[PDB]
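Worksheet for the structure shown next.
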Amino acid sequence: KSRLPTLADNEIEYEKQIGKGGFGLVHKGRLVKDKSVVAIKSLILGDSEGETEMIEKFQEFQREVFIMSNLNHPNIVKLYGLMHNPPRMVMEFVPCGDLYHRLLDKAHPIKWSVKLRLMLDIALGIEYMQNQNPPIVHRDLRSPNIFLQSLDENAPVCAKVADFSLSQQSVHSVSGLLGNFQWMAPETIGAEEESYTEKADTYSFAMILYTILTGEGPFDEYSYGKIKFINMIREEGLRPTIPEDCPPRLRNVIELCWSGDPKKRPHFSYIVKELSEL
Ligand SMILES: Nc1ncnc2c1ncn2[C@@H]1O[C@H](COP(=O)(O)OP(=O)(O)CP(=O)(O)O)[C@@H](O)[C@H]1O
Ligand SMILES: [Mg+2]
């Protein structure tokens, strides 16, 4: 973790509450120095919460700080600095919501050229993450965690990776169960203490590729009980059906990225190269 700048209450102008996070509130603001629109994420552990949930909220907030302090890439949501009383993160405001809510608008499909811009922007973000020393394992890559800067095909940045808790950056492999099984690698969801790497994010990216391509949620075509669903993904190689009209080069990238064997999941230099050829 590198140096993180501190900003006093004098250096920001609160505008409105824009959302509600896992550990507190989210506000829209302005940086008084250069008039930059910002998102302020506060850490509020109310005395209504229990012991185990309160410590999970603090460690969640701090991991996001520790990981984001080293990050500097146009396709990753940027940390401007920290605030105290209450502990707050000052983030760059990303004006066009998230990928999840945009894809729900079935009446207005994202055109093919912008879809490609989104795919590449996210891949570049994750490529940068996996090129870190040690590599960053997001552990929560899904359409709600992809923020949209612009839907214009000619924009400098269209998509940005966001929400870096539950994220890890270690010289040794990580472990732990992950909840959202429709987005997460088989080696992460099998109700055990299994070891995995950044290749779990490569699996998640394949689901992101599917959701952009189709506009649909991964695994929504199937309906199983939780235990059965996990077993099908793990042991039976259950995957979302790629439509017949998908470009052969994209289909290969998706298929390879959601391989049951994590070693067969490609390096992102290959992923970026292949996507750019679309
Ligand atoms: N950098 C940013 N730019 C623009 N809006 C942002 C933003 N950061 C947060 N928001 C807004 O605040 C809302 C609060 O959600 P947040 O960003 O805290 O994710 P979350 O912690 O709720 C994901 P989950 O709890 O499901 O793991 C978001 O839905 C978004 O609308
Ligand atoms: Mg998260």
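Identifiers for the structure tokens are assigned positionally: chains receive A, B, ... in sequence, residues are indexed from 1 per chain, and ligands are indexed from 1 in the order shown.
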
Can you write out as a tab-separated table which residues of chain A fall within 10 Å of ligand 1, alongside each residue's closest atom pair and its distance in Å to one decimal, counting only C-alpha atoms and all ligand atoms and ordering rows by chain and ascending residue number?
```
residue	atom	partner	partner_atom_place_in_ligand_line	distance
A:17	CA	ligand 1	12 (O)	8.4
A:18	CA	ligand 1	12 (O)	5.6
A:19	CA	ligand 1	13 (C)	4.0
A:20	CA	ligand 1	14 (C)	4.6
A:21	CA	ligand 1	18 (O)	3.4
A:22	CA	ligand 1	25 (O)	4.4
A:23	CA	ligand 1	21 (O)	7.3
A:24	CA	ligand 1	18 (O)	7.7
A:25	CA	ligand 1	18 (O)	7.4
A:26	CA	ligand 1	12 (O)	5.2
A:27	CA	ligand 1	12 (O)	7.4
A:28	CA	ligand 1	5 (N)	7.7
A:37	CA	ligand 1	3 (N)	9.0
A:38	CA	ligand 1	1 (N)	7.0
A:39	CA	ligand 1	1 (N)	5.0
A:40	CA	ligand 1	8 (N)	7.5
A:41	CA	ligand 1	18 (O)	7.0
A:42	CA	ligand 1	18 (O)	9.3
A:60	CA	ligand 1	21 (O)	9.7
A:61	CA	ligand 1	21 (O)	9.8
A:76	CA	ligand 1	1 (N)	9.9
A:77	CA	ligand 1	1 (N)	6.3
A:78	CA	ligand 1	1 (N)	8.0
A:79	CA	ligand 1	1 (N)	9.0
A:89	CA	ligand 1	8 (N)	9.9
A:90	CA	ligand 1	1 (N)	8.6
A:91	CA	ligand 1	1 (N)	5.3
A:92	CA	ligand 1	1 (N)	5.1
A:93	CA	ligand 1	3 (N)	3.6
A:94	CA	ligand 1	3 (N)	3.7
A:95	CA	ligand 1	4 (C)	5.7
A:96	CA	ligand 1	4 (C)	7.4
A:97	CA	ligand 1	31 (O)	5.8
A:98	CA	ligand 1	31 (O)	7.1
A:100	CA	ligand 1	29 (O)	9.9
A:101	CA	ligand 1	29 (O)	9.4
A:140	CA	ligand 1	27 (O)	7.7
A:142	CA	ligand 1	26 (O)	9.7
A:144	CA	ligand 1	23 (C)	7.0
A:145	CA	ligand 1	23 (C)	6.7
A:146	CA	ligand 1	17 (O)	9.8
A:147	CA	ligand 1	3 (N)	7.1
A:148	CA	ligand 1	4 (C)	8.5
A:149	CA	ligand 1	3 (N)	8.6
A:160	CA	ligand 1	1 (N)	9.2
A:161	CA	ligand 1	1 (N)	9.8
A:162	CA	ligand 1	1 (N)	7.4
A:163	CA	ligand 1	19 (O)	6.4
A:164	CA	ligand 1	21 (O)	9.2
A:165	CA	ligand 1	27 (O)	8.1
A:166	CA	ligand 1	27 (O)	8.6
A:180	CA	ligand 1	26 (O)	9.9
```

- Item | Residues within 12 Å of residue 62 of chain A, only C-alpha atoms, excluding chain neighbours under 3 positions, as a VMD selection string | chain A and resid 1 23 41 to 43 55 to 59 65 to 69 82 87 to 89 164 to 168

Would you export the selected residues with N, CA, C and O atoms as an mmCIF file, in the first residue's frame, please?
```cif
data_model
loop_
_atom_site.group_PDB
_atom_site.id
_atom_site.type_symbol
_atom_site.label_atom_id
_atom_site.label_comp_id
_atom_site.auth_asym_id
_atom_site.auth_seq_id
_atom_site.Cartn_x
_atom_site.Cartn_y
_atom_site.Cartn_z
ATOM 1 N N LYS A 1 0.843 -1.230 0.000
ATOM 2 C CA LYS A 1 0.000 0.000 0.000
ATOM 3 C C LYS A 1 0.863 1.259 0.000
ATOM 4 O O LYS A 1 1.784 1.392 0.811
ATOM 5 N N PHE A 23 -21.318 -0.894 3.988
ATOM 6 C CA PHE A 23 -20.777 -0.425 5.267
ATOM 7 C C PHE A 23 -21.211 0.994 5.660
ATOM 8 O O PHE A 23 -20.842 1.481 6.732
ATOM 9 N N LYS A 41 -17.834 7.690 0.088
ATOM 10 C CA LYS A 41 -18.301 6.479 0.758
ATOM 11 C C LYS A 41 -17.901 6.488 2.230
ATOM 12 O O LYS A 41 -16.718 6.412 2.561
ATOM 13 N N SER A 42 -18.901 6.579 3.103
ATOM 14 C CA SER A 42 -18.672 6.657 4.544
ATOM 15 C C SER A 42 -18.748 5.294 5.223
ATOM 16 O O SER A 42 -19.507 4.418 4.801
ATOM 17 N N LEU A 43 -17.950 5.126 6.276
ATOM 18 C CA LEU A 43 -17.994 3.927 7.106
ATOM 19 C C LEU A 43 -18.797 4.210 8.372
ATOM 20 O O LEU A 43 -18.331 4.913 9.274
ATOM 21 N N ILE A 55 -17.064 -6.024 12.522
ATOM 22 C CA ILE A 55 -15.660 -6.262 12.177
ATOM 23 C C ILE A 55 -15.489 -6.584 10.689
ATOM 24 O O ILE A 55 -14.439 -6.309 10.106
ATOM 25 N N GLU A 56 -16.531 -7.158 10.087
ATOM 26 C CA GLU A 56 -16.552 -7.432 8.651
ATOM 27 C C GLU A 56 -16.731 -6.158 7.829
ATOM 28 O O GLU A 56 -16.253 -6.078 6.698
ATOM 29 N N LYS A 57 -17.420 -5.172 8.401
ATOM 30 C CA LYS A 57 -17.620 -3.875 7.753
ATOM 31 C C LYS A 57 -16.344 -3.033 7.746
ATOM 32 O O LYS A 57 -16.049 -2.355 6.760
ATOM 33 N N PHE A 58 -15.598 -3.082 8.849
ATOM 34 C CA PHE A 58 -14.360 -2.318 8.985
ATOM 35 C C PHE A 58 -13.263 -2.871 8.077
ATOM 36 O O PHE A 58 -12.583 -2.111 7.383
ATOM 37 N N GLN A 59 -13.102 -4.193 8.088
ATOM 38 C CA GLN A 59 -12.091 -4.863 7.268
ATOM 39 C C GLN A 59 -12.408 -4.772 5.775
ATOM 40 O O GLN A 59 -11.499 -4.775 4.945
ATOM 41 N N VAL A 65 -9.496 0.435 0.687
ATOM 42 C CA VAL A 65 -8.485 1.492 0.795
ATOM 43 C C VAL A 65 -7.096 0.969 0.411
ATOM 44 O O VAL A 65 -6.436 1.541 -0.460
ATOM 45 N N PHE A 66 -6.674 -0.122 1.053
ATOM 46 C CA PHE A 66 -5.340 -0.701 0.850
ATOM 47 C C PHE A 66 -5.046 -1.102 -0.597
ATOM 48 O O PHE A 66 -3.944 -0.865 -1.096
ATOM 49 N N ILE A 67 -6.030 -1.707 -1.259
ATOM 50 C CA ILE A 67 -5.873 -2.156 -2.645
ATOM 51 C C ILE A 67 -5.895 -0.974 -3.621
ATOM 52 O O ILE A 67 -5.049 -0.885 -4.515
ATOM 53 N N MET A 68 -6.853 -0.068 -3.431
ATOM 54 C CA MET A 68 -7.034 1.085 -4.319
ATOM 55 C C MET A 68 -5.933 2.143 -4.225
ATOM 56 O O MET A 68 -5.780 2.958 -5.137
ATOM 57 N N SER A 69 -5.172 2.124 -3.131
ATOM 58 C CA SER A 69 -4.083 3.081 -2.913
ATOM 59 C C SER A 69 -2.938 2.915 -3.916
ATOM 60 O O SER A 69 -2.227 3.876 -4.218
ATOM 61 N N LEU A 82 -8.547 10.047 1.381
ATOM 62 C CA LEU A 82 -9.296 9.629 2.564
ATOM 63 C C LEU A 82 -9.792 10.802 3.405
ATOM 64 O O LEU A 82 -9.224 11.895 3.367
ATOM 65 N N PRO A 87 -14.758 7.976 8.965
ATOM 66 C CA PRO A 87 -13.829 7.484 7.943
ATOM 67 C C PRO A 87 -14.513 7.377 6.581
ATOM 68 O O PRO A 87 -15.536 6.701 6.449
ATOM 69 N N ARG A 88 -13.955 8.065 5.586
ATOM 70 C CA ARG A 88 -14.570 8.167 4.262
ATOM 71 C C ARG A 88 -13.570 7.984 3.127
ATOM 72 O O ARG A 88 -12.403 8.365 3.246
ATOM 73 N N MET A 89 -14.046 7.403 2.027
ATOM 74 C CA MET A 89 -13.280 7.308 0.788
ATOM 75 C C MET A 89 -13.816 8.304 -0.231
ATOM 76 O O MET A 89 -15.022 8.348 -0.493
ATOM 77 N N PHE A 164 -13.830 -2.859 -4.810
ATOM 78 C CA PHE A 164 -12.700 -3.651 -4.443
ATOM 79 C C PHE A 164 -12.628 -4.088 -3.019
ATOM 80 O O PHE A 164 -11.576 -4.316 -2.532
ATOM 81 N N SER A 165 -13.724 -4.292 -2.344
ATOM 82 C CA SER A 165 -13.595 -5.246 -1.296
ATOM 83 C C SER A 165 -13.919 -6.659 -1.630
ATOM 84 O O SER A 165 -14.459 -7.010 -2.673
ATOM 85 N N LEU A 166 -13.507 -7.483 -0.730
ATOM 86 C CA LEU A 166 -13.685 -8.862 -0.869
ATOM 87 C C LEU A 166 -12.559 -9.166 -1.766
ATOM 88 O O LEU A 166 -12.330 -10.275 -2.053
ATOM 89 N N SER A 167 -11.796 -8.144 -2.112
ATOM 90 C CA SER A 167 -10.605 -8.282 -2.911
ATOM 91 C C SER A 167 -9.357 -8.565 -2.126
ATOM 92 O O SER A 167 -9.220 -8.124 -1.006
ATOM 93 N N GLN A 168 -8.421 -9.246 -2.759
ATOM 94 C CA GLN A 168 -7.205 -9.732 -2.107
ATOM 95 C C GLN A 168 -5.972 -9.489 -2.977
ATOM 96 O O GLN A 168 -6.050 -9.532 -4.208
#
```

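Among the candidates A:48, A:85, A:182, A:214, the residue lying nearest to residue 233 of chain A is A:182 (atoms considered: only C-alpha atoms).
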
- Skip residue 84 of chain A itself and residues of its chain fewer than 5 positions away, then list as a list in words all residues within 9 Å of it, counting only C-alpha atoms.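 Once the adjacent positions are removed, what remains is residues 6, 7, 8 and 9 of chain A.
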
- Query: Just asking: which residues within segment 9-256 of chain A are strand (DSSP E) according to DSSP, as a PyMOL selection string?
  - Reply: chain A and resi 12-20+25-31+36-42+79-83+88-92+146-148+159-161

Residue selection dump (N, CA and C atoms) as a compact mmCIF listing (two decimals), in the first residue's frame:
```txt
# COMPACT_ATOMS: atom_id res chain seq x y z
N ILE A 12 -14.10 19.62 0.39
CA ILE A 12 -15.22 19.00 -0.33
C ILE A 12 -16.54 19.73 -0.13
N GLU A 13 -17.41 19.66 -1.14
CA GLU A 13 -18.76 20.21 -1.05
C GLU A 13 -19.80 19.12 -1.27
N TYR A 14 -20.47 18.73 -0.18
CA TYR A 14 -21.54 17.74 -0.24
C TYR A 14 -22.73 18.24 -1.05
N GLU A 15 -23.21 17.41 -1.97
CA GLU A 15 -24.33 17.78 -2.83
C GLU A 15 -25.60 17.00 -2.49
N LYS A 16 -25.53 15.67 -2.56
CA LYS A 16 -26.69 14.81 -2.30
C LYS A 16 -26.27 13.37 -2.00
N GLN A 17 -27.13 12.64 -1.29
CA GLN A 17 -26.94 11.21 -1.09
C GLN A 17 -27.42 10.47 -2.34
N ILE A 18 -26.52 9.72 -2.96
CA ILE A 18 -26.82 9.02 -4.22
C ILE A 18 -27.10 7.53 -4.05
N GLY A 19 -26.68 6.96 -2.92
CA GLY A 19 -26.88 5.54 -2.66
C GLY A 19 -26.60 5.09 -1.24
N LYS A 20 -26.71 3.78 -1.03
CA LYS A 20 -26.49 3.16 0.27
C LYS A 20 -25.64 1.91 0.10
N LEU A 25 -23.06 5.03 3.93
CA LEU A 25 -23.76 5.87 2.95
C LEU A 25 -22.85 6.28 1.79
N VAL A 26 -23.48 6.61 0.66
CA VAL A 26 -22.76 7.11 -0.51
C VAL A 26 -23.33 8.47 -0.92
N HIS A 27 -22.45 9.47 -0.98
CA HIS A 27 -22.84 10.84 -1.32
C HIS A 27 -22.18 11.34 -2.60
N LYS A 28 -22.89 12.20 -3.32
CA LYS A 28 -22.31 12.94 -4.44
C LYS A 28 -21.72 14.24 -3.89
N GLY A 29 -20.52 14.58 -4.34
CA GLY A 29 -19.83 15.78 -3.87
C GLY A 29 -19.00 16.46 -4.93
N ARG A 30 -18.33 17.54 -4.54
CA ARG A 30 -17.45 18.30 -5.43
C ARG A 30 -16.15 18.65 -4.71
N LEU A 31 -15.03 18.46 -5.40
CA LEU A 31 -13.73 18.83 -4.87
C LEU A 31 -13.49 20.31 -5.14
N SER A 36 -14.01 18.93 -9.34
CA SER A 36 -14.22 17.54 -9.74
C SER A 36 -15.37 16.90 -8.97
N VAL A 37 -16.31 16.32 -9.71
CA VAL A 37 -17.44 15.60 -9.11
C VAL A 37 -16.96 14.28 -8.50
N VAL A 38 -17.33 14.04 -7.25
CA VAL A 38 -16.83 12.89 -6.50
C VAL A 38 -17.93 12.06 -5.84
N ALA A 39 -17.59 10.81 -5.52
CA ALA A 39 -18.46 9.93 -4.73
C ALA A 39 -17.82 9.67 -3.38
N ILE A 40 -18.53 10.02 -2.31
CA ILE A 40 -18.02 9.87 -0.95
C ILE A 40 -18.66 8.68 -0.26
N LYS A 41 -17.83 7.69 0.09
CA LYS A 41 -18.30 6.48 0.76
C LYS A 41 -17.90 6.49 2.23
N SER A 42 -18.90 6.58 3.10
CA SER A 42 -18.67 6.66 4.54
C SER A 42 -18.75 5.29 5.22
N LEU A 79 -9.26 6.42 -6.51
CA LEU A 79 -9.33 6.98 -5.16
C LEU A 79 -8.57 8.30 -5.10
N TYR A 80 -9.30 9.38 -4.83
CA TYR A 80 -8.68 10.70 -4.67
C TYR A 80 -8.02 10.86 -3.31
N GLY A 81 -8.57 10.18 -2.30
CA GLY A 81 -7.99 10.20 -0.96
C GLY A 81 -8.94 9.76 0.14
N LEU A 82 -8.55 10.05 1.38
CA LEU A 82 -9.30 9.63 2.56
C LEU A 82 -9.79 10.80 3.40
N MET A 83 -10.86 10.56 4.16
CA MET A 83 -11.38 11.52 5.13
C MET A 83 -11.54 10.86 6.49
N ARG A 88 -13.95 8.06 5.59
CA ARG A 88 -14.57 8.17 4.26
C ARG A 88 -13.57 7.98 3.13
N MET A 89 -14.05 7.40 2.03
CA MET A 89 -13.28 7.31 0.79
C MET A 89 -13.82 8.30 -0.23
N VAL A 90 -12.92 9.10 -0.80
CA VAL A 90 -13.28 10.04 -1.86
C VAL A 90 -12.93 9.42 -3.21
N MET A 91 -13.96 9.06 -3.96
CA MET A 91 -13.82 8.36 -5.23
C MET A 91 -14.19 9.28 -6.39
N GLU A 92 -13.77 8.93 -7.60
CA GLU A 92 -14.23 9.64 -8.79
C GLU A 92 -15.68 9.27 -9.09
N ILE A 146 -19.39 -2.94 -12.33
CA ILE A 146 -18.80 -2.28 -13.48
C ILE A 146 -19.55 -0.97 -13.69
N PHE A 147 -18.86 0.15 -13.47
CA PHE A 147 -19.48 1.47 -13.61
C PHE A 147 -19.24 2.04 -15.00
N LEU A 148 -20.21 2.79 -15.50
CA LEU A 148 -20.16 3.32 -16.86
C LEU A 148 -19.86 4.81 -16.87
N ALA A 159 -16.04 2.12 -19.61
CA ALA A 159 -16.31 1.32 -18.41
C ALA A 159 -15.15 1.33 -17.41
N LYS A 160 -15.49 1.28 -16.13
CA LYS A 160 -14.52 1.24 -15.04
C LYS A 160 -14.86 0.16 -14.01
N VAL A 161 -13.85 -0.61 -13.60
CA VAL A 161 -14.00 -1.62 -12.54
C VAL A 161 -14.08 -0.91 -11.18
```

- Message: One number please: atom CA of residue 157 of chain A to atom CA of residue 219 of chain A, in Å, one decimal.
- Response: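 Atom CA of residue 219 of chain A lies at a distance of 28.8 Å from atom CA of residue 157 of chain A.
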
- Do you know which residues are at most 10 Å from residue 267 of chain A counting only C-alpha atoms, after dropping those on the same chain fewer than 4 positions away, and could you put them as a VMD selection string? chain A and resid 127 130 to 131 199 202 257 263 271 to 272

- Message: Which residues are close to residue 221 of chain A, i.e. within 10 Å by only C-alpha atoms, leaving aside same-chain residues fewer than 4 positions away? Reply as a ChimeraX atom specification.
- Response: /A:216-217,239-241

How would the residues just chosen look if you wrote them out with N, CA, C and O atoms as a short mmCIF file (atom, residue, chain, number, x, y, z; two decimals), in the first residue's frame?
```
data_model
loop_
_atom_site.label_atom_id
_atom_site.label_comp_id
_atom_site.auth_asym_id
_atom_site.auth_seq_id
_atom_site.Cartn_x
_atom_site.Cartn_y
_atom_site.Cartn_z
N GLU A 216 -28.39 -10.47 -20.93
CA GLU A 216 -29.06 -11.34 -19.96
C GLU A 216 -28.13 -11.71 -18.81
O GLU A 216 -26.91 -11.63 -18.94
N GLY A 217 -28.72 -12.10 -17.68
CA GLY A 217 -27.96 -12.57 -16.53
C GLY A 217 -27.39 -13.96 -16.78
O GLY A 217 -28.07 -14.82 -17.35
N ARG A 239 -22.67 -24.16 -18.03
CA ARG A 239 -22.35 -22.79 -18.42
C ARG A 239 -23.53 -22.17 -19.18
O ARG A 239 -24.33 -22.90 -19.77
N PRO A 240 -23.64 -20.83 -19.16
CA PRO A 240 -24.65 -20.15 -19.98
C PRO A 240 -24.45 -20.45 -21.46
O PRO A 240 -23.31 -20.57 -21.92
N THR A 241 -25.56 -20.59 -22.19
CA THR A 241 -25.51 -20.92 -23.61
C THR A 241 -25.17 -19.68 -24.44
O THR A 241 -25.91 -18.70 -24.45
#
```

- Query: Which of these residues is nearest to ligand 2, using only C-alpha atoms and all ligand atoms: A:52, A:143, A:72, A:132?
  - Reply: A:143

- Query: Excluding same-chain residues fewer than 3 positions from residue 201 of chain A, what lies within 12 Å of it counting only C-alpha atoms, as a count of residues only?
  - Reply: 40

- Nearest to ligand 2 by atom-to-atom distance, counting only C-alpha atoms and all ligand atoms, from A:44, A:178, A:110, A:104: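 Going through A:44, A:178, A:110, A:104 one by one, the smallest distance to ligand 2 is for A:178.
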
- Message: With distances taken over only C-alpha atoms and all ligand atoms, which residue among A:73, A:4, A:179, A:114 lies nearest ligand 2?
- Response: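 Selected residue with least distance to ligand 2: A:179.
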